[PDB]
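Note sheet for the following structure.
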Amino acid sequence: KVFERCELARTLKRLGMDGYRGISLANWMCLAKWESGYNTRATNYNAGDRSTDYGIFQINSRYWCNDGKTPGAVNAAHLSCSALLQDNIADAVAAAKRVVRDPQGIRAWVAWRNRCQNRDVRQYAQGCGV
């Protein structure tokens, strides 16, 4: 499923993401935008280390979800990576919360540093009623 901007903004608020671990809704929106274009079935294989990024938040198979074929893998979030390809993003949200529970926080995603950090991110969640 490819979410429309405001529909995702409202869904994330309902799921308790606004201000989670100090992260504003606008930042989560900026992250989803650059990571997947708000697409829940987005997948990205990293030929270099053999790991795959899954879903709307592009969660990695080496530490956060299990896909069986990733070398030196662990399962912090304790999920099957398959759960991160559903139209319902409840599991992806739970996984994303787990990721930012580590000291690095939202910085865990390099894309966030390149495109969101230290910038005006209001535009991503503006006018959605959240």
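Going through the structure tokens in order, the chains are called A, B, and so on, while each chain numbers its residues from 1 and the ligands are numbered from 1 in the order shown.
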
Legend entry - residue 38 (chain A) surroundings by only C-alpha atoms, 12 Å radius, close-in-sequence under 4 positions cut, as a PyMOL selection string: chain A and resi 1-9+12+28-34+42+55-58+85+87+89+124

Write out the residues from the selection above, keeping C-alpha atoms, as a compact mmCIF listing (two decimals), in the first residue's frame.
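Saved to again_17.txt:
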# COMPACT_ATOMS: atom_id res chain seq x y z
CA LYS A 1 0.00 0.00 0.00
CA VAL A 2 1.22 3.50 -0.89
CA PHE A 3 -0.08 5.92 1.77
CA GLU A 4 -1.28 9.40 0.97
CA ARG A 5 0.65 11.95 3.11
CA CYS A 6 -2.05 13.10 5.53
CA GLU A 7 -3.57 9.63 5.85
CA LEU A 8 -0.16 8.40 7.08
CA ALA A 9 0.27 11.44 9.38
CA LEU A 12 1.16 7.63 12.98
CA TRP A 28 8.82 10.32 11.27
CA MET A 29 7.08 11.63 8.13
CA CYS A 30 10.36 12.90 6.68
CA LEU A 31 11.89 9.47 7.40
CA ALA A 32 9.06 7.45 5.71
CA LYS A 33 9.09 9.82 2.73
CA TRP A 34 12.79 9.34 1.91
CA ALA A 42 9.22 -1.36 -0.45
CA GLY A 55 8.71 -1.77 4.47
CA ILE A 56 7.67 1.81 4.98
CA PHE A 57 10.51 2.49 7.45
CA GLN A 58 13.06 0.31 5.63
CA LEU A 85 5.34 -5.78 4.22
CA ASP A 87 -0.77 -2.84 4.52
CA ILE A 89 1.62 -0.71 9.67
CA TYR A 124 5.70 16.76 5.78

Inset, instruction - as a list in words, list the residues of chain A assigned to strand (DSSP E) by DSSP on the backbone atoms of this structure. - result: residues 43, 44, 45, 46, 51, 52, 53, 54, 59, 60, 65, 66, 79 and 80 of chain A

Inset, instruction - From region 26-114 of chain A, collect each residue whose DSSP state is alpha helix (DSSP H) and return the set as a list in words. - result: residues 26, 27, 28, 29, 30, 31, 32, 33, 34, 35, 36, 90, 91, 92, 93, 94, 95, 96, 97, 98, 99, 110, 111, 112, 113 and 114 of chain A

Inset, instruction - Name all residues at most 10 Å from residue 18 (chain A) (count only C-alpha atoms; drop same-chain ones fewer than 5 positions away) and give them as a PyMOL selection string. - result: chain A and resi 9+12-13+23-28+130

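Compared by their closest atoms to residue 97 (chain A), and using only C-alpha atoms, the residues A:126, A:116, A:121, A:77 rank with A:77 nearest.
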
Inset, instruction - Considering only C-alpha atoms, state which residue in the set A:22, A:72, A:105, A:127 is at the smallest distance from residue 50 (chain A). - result: A:72
